[PDB]
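Just one chain is shown here, as C-alpha cells, and it is the form deposited in one PDB entry.
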C-alpha cells in the first residue's frame, strides 16, 4: 500500500474522549497505512509515539506542540479529521486543511459549520421543506421567547454527544437549563420535546450521489439518549434494520438524502430523525459521526453490505475524487 493517511483525533471540544474512542475504531479497520495525530485538550498536538500513548490512555489533557504543529504534511495523501464537535467538526480544521491544500475526508468548511449549528441547520432544512421540530434560538444574556409549551429540550447550539442538553418540564426550570447550555456555547436552542418518540438514524456515504444505509433505531431506558447512554457498553439498544414498516424506512432514507444535498455535505453524514405519532422530523445531521464501539454509523453501513474496512476505504477515495474535481 503506497497510500498514507493522517488521522487527527482528540480535540478541545467536550467530545475529546469520544473522538479518541472513534480513532481506535478507525485505526482498527482502515486498510491504508495511517498515522495518528492527537489534539490534546489544551490545543497542543501530540505526534508519533506520544499520540499512540495518548490513545491508550483514552484522554490527552496536555499536548506538546503549539498549533500549527511541525507535522510533515507532505507524507500524507489524505487527512482524516476525526474531531467531533467545536474546532473539529464545525469547519475550523477544514479551513486549515483547505489552505494546506490537502485532500481530506468529509464535509467542507460551509457545510461543516452549518451542520454543527442546530439553529442554522434547522432554518435551512425548514426552508427546503424538511420537517423539523418547533424550536427557537436563544442568545446568552437575552431573555427567551418560547412560542410553545413545555416539555422542552434545551441544547447548546453547537453541541454533540448530548453534552449540555436538558429535558425541561416546567418553565421555571428553563433558566437553569439555558444556563447549563451557555457553559458550552453563546447560543442555545429550545425545542419542543416529542414524547413518546422513536429515534431513527441513517448513514450517508458519497459526494454528489449520496447513498443511504439501512435505517437503524436506538432504544434505551434512560430519560433521553444521553452521554452515559451513548457510550456505556450495553446501555443503548441498537436495532438494525429499525423494526418499522418498509415504507416509513423508505421515507426516512429519502429525507436523509434530500437533507444531505440541501446542506451541501460530502464524504459522510449520520442523519438523526424522530418519529412521533406517525410523523417524521429530521433531528440533526452529523458530518463526523462517532466510530466508537457503541456508534451507529459503521454498524448501519455493515448492515447495508459495506464492511468496516471498505467503508473507510470509500471515505478516503471520496476525499480524493472531490479534490481532483476541484
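So that the term is clear: the rigid core is the largest set of C-alpha atoms that superpose within 1.5 Å between two forms. Numbering follows the first chain given and starts at 1.
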item: Unmodelled residue 232 in at least one third of other entries with both flanks present; value: yes
item: Unmodelled residue 222 in at least one third of other entries with both flanks present; value: yes
item: Mean C-alpha B-factor comparison - 91 to 99 and 192 to 200, higher one; value: 192 to 200
item: Residue stretch of maximal mean CA temperature factor, 143 to 151 vs 128 to 136; value: 143 to 151
item: Of the residues 296, 285, 257, 46, the one carrying the largest Cα B-factor as recorded; value: 46
item: Selection by C-alpha B-factor (highest) of 77, 119, 217, 250; value: 250
item: Modelled-residue ranking by C-alpha temperature factor, third containing residue 111; value: lowest
item: Residue 63 CA temperature factor, ranked by third within the chain; value: highest
item: B-factor third for the C-alpha atom of residue 210 within its chain; value: middle
item: Lowest, middle or highest third - CA B-factor, residue 270; value: lowest
item: Residue 31 by Cα B-factor - lowest, middle or highest third of the modelled chain; value: middle
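Omitted from view is the form deposited in another entry, to which the following refers.
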property: Of the candidates 256, 82, 79, 154, the only Cα that travels 2 Å or more between this form and the one not shown, given a rigid-core fit; result: 154
property: C-alpha of residue 139 off by 2 Å or more between this form and the one not shown on rigid core; result: yes
property: Large Cα move at residue 96 between this form and the one not shown, threshold 2 Å, rigid core; result: no
property: Is_shifted residue 48 between this form and the one not shown (CA, 2 Å cut-off, rigid core); result: no
